[PDB]
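Single chain ahead, written as structure tokens, the form deposited in one PDB entry.
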């Protein structure tokens, strides 16, 4: 009675997919900084969604509104071949991203790919080549067709294009195209989240709660600071901070250093804090009585307040040595250090209390980047898994699943093509990128 409301919602979906994915593709094409191995795979993923929104979803909406197929038999064997192609090439790309992110975090070059940009193009071509054989060869050679009468009536009729497949195809094609790359993706990327948390480091811990500024700034106390929380001087003079900066770097800096020399200062200060923990008589027994995680929290305090200041927590150092983490967490809260900087002290106290990195989960920028990739994979799973689960259940018990439920679940996977550009807005780098492109 009212197909307009359904038709308008469908028209807004096609527009959101074409606009959103062309926006992602152009950002990677125009900006030199975005040319990376991951964004190459993002382009392959965005191209799959673009062909989805151009050549698949519009004809799928016309098929629903007209209750028939008005584009002929040739286009539908193609429309179905393209539809299966974009879903296969999407899950395989995600599987390649999860595997590529695994080797990046297990390598010494943490968060950086072991592939060159030319190898990434070779993998993408192979992905579409293998996906092309999986999607086109069964459809064009008619390896999918069923044998019953209702299916043969739809094949011989040009105005009917319901996707009837035999049970062997619906079982095999779902497993080889979707389930196998999905299970590998979920398993491998589950390990990336484990390694990111397990390989969490005091150098990344201090980077999180003190940031990085390669130009001179003032900290919460007003003192001049540069790098990763490297105190230059407590004097209000700016030449004094600049003069002390030149002595540490060995160069007239004018208050500006690079990241290569900012980390060298950071590595010096961390070693200075550790060397001060071992020399101090009060901190030495506590440090030897701690695991690697709680050792990092103790160096975090010494990094911020100095060796003499951390030794002042007389009671807290008793119980951190006495393995009584919960009691030490309360005394650490009752301190000027908690009142001064509570968000940092909260993360340190939690580290002392739980002995884990729960307070620094997804705080590092690279770990934020890995979380968004997890949302792309998780949302893709939630949108297509009900459809593919119903595929298998329909094969076992044929009478159970109606086509109204089948089309509904298929379109939940259809709207997934527009979610990727929205999820990429979690990145400040794409956010700046599309602001430039949209001229905002």
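Take the two forms, find the largest set of C-alpha atoms that superpose within 1.5 Å, and that set is the rigid core. Numbering follows the first chain given and starts at 1.
Taking the PDB entry as given, 214-222 carries the higher mean Cα B factor of the two stretches 170-178 and 214-222. Stretch comparison (65-73 versus 375-383) by mean CA B-factor in the PDB entry places 65-73 on top.
The PDB entry assigns the greatest CA B-factor among 84, 299, 364, 137 to 137. Per the PDB entry, 235 shows the highest C-alpha temperature factor of the residues 93, 112, 199, 235. When the modelled residues of the chain are ordered by their C-alpha B factor, residue 347 lands in the lowest third. When the CA B factors of the chain's modelled residues are split into thirds, the value for residue 101 lands in the lowest one. For residue 49, the recorded CA temperature factor ranks within the lowest third of the chain's modelled residues.
Ranked against the other modelled residues of its chain, the C-alpha B-factor of residue 272 as given in the entry falls in the middle third.
The entry lists a Cα temperature factor for residue 368 that places it in the lowest third of the chain's modelled residues.
Keep in mind that the form deposited in another entry is not shown, yet the notes after this line are about it.
Comparing the two forms between this form and the one not shown on the rigid core, the single residue of 177, 165, 80, 304 with a CA shift of 2 Å or greater is 304. Taking the rigid core as fixed, one finds a CA shift for residue 331 of 2 Å or more between this form and the one not shown.
After superposition on the rigid core, the Cα of residue 97 moves by less than 2 Å between this form and the one not shown. Once the rigid core is overlaid between this form and the one not shown, residue 132 does not reach a Cα shift of 2 Å, moving by less than that.
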